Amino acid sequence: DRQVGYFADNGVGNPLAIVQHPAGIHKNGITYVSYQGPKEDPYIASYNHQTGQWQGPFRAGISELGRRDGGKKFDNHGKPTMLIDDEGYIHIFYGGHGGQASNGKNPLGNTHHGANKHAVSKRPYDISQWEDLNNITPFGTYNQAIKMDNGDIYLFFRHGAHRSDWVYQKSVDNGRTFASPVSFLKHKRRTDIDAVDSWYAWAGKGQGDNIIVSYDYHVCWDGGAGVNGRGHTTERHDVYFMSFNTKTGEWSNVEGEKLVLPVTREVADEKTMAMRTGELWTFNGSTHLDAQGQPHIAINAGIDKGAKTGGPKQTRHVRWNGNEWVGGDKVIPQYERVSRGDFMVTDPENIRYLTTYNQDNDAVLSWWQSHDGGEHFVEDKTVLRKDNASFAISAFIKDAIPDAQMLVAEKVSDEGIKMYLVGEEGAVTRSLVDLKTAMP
């Protein structure tokens, strides 16, 4: 036998992403991890830090996205999001790319394919057996699950495909029933151009009973519209910020001004804009508060080189300094390829990213540290590096301990992808004999 750096070897497509979060959660000495496996089904494993033992992976549900007739080989939008409820049941939200006509008429958006789904463990703290609840709307993409101190559960998602509101559904009974969706970002026709307001959001815990949300704007062009008939692209710009007080129900901007829901583009431009990106095209990141309660934002942006996706985008750091939004500098200086990363912040000046980028054809995952509030970062330890590969990463694990902070997928082909749990220094290893016995 020997120890290997990966805990599973069956990921497909992009098995992880920062937007589907948490992908993993630490509780009581156990780190639970989830990722997208064969047929885009959600798989879950766990590591016991005291005994050194891995369990799983086990399949938690059956995704429609892996059973489509034709189309893109892998969809990836239904990779899993995890939550542990106050009774210890593990919930997995997965499978959705906006629903389809067979599910109904979507009253808050359009559709695409794949009903959004919700599985729960049959027993508390036991990842081996699952049951379906599917008690959330099927018209969902981009699940983000948050549990408050009182046990209430909020699931944030886009209520359909592009031309859809962003919503949450709230449960007060440990995820067994959910109230109807509440729209917090509005989609609607623009009156000045042939496009629809569309959004991408990342919701996370704030302090106290607050949830914080960073988001970018998608110019969702009608077919044949735009410059020289360019038509529909992934064009996105800018980054915005707002907060949700879950006790009162009210939303506000960084200065505490209250917002009427759902927030429109016009209100957002007036009240919640955090950093304009000019002509740069964006891909949203994440947001976290510093020790003074001030929001910091990771936003990816890059030059539009004429592709349907614009061009490669690099992570940049933005923060509220107490009086104004500042920043926008790239985390990796002078880097012009693709970078992604999540960050931790303590004092407002002290920010650390765990970021992936490529050097030549090698995939790198390394820590980058700033002590000047994100104007300059310096690379510190590399936690994982693989030749002839690229990495997909999760957001930081909920309540992570130093040994197990982020999930990484070593993309080489689009199947058989090795999955890694990494900490401050490197991977949490697994016995190869154990892994082979466990792999389904």
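Heads up: residue numbers just count along the shown sequence, starting at 1.
Greater mean Cα temperature factor according to the PDB record, 428 to 436 or 6 to 14: The deposited B-factors put 428 to 436 ahead on the C-alpha mean.
Averaged over C-alpha atoms, is the B-factor higher for 243 to 251 or for 74 to 82 in this PDB entry? Result of the comparison: 243 to 251.
Maximum C-alpha temperature factor, selected from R236, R189, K170, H118: In the PDB entry, the greatest C-alpha B-factor among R236, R189, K170, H118 is found at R189.
Deposited CA B-factor, highest of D342, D165, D347, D152: Highest C-alpha B-factor among the listed options: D347.
Chain third (lowest, middle, highest) by recorded CA B-factor, residue given as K147: Lowest third.
Please place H218 in the lowest, middle or highest third of its chain according to the CA B-factor in the PDB entry. It falls in the middle third of the chain.
What third of the chain, by the recorded C-alpha B-factor, contains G204? Its C-alpha B-factor, which the entry lists for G204, ranks in the lowest third among residues of this chain.
Just say lowest, middle or highest third for the CA B-factor of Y335 relative to the other modelled residues in its chain. Its C-alpha B-factor belongs to the highest third of this chain's values.
Check where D399 lands among this chain's C-alpha B-factors and tell me if it's the lowest, middle or highest third. Ranked within chain, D399 CA B lands in the middle tercile.
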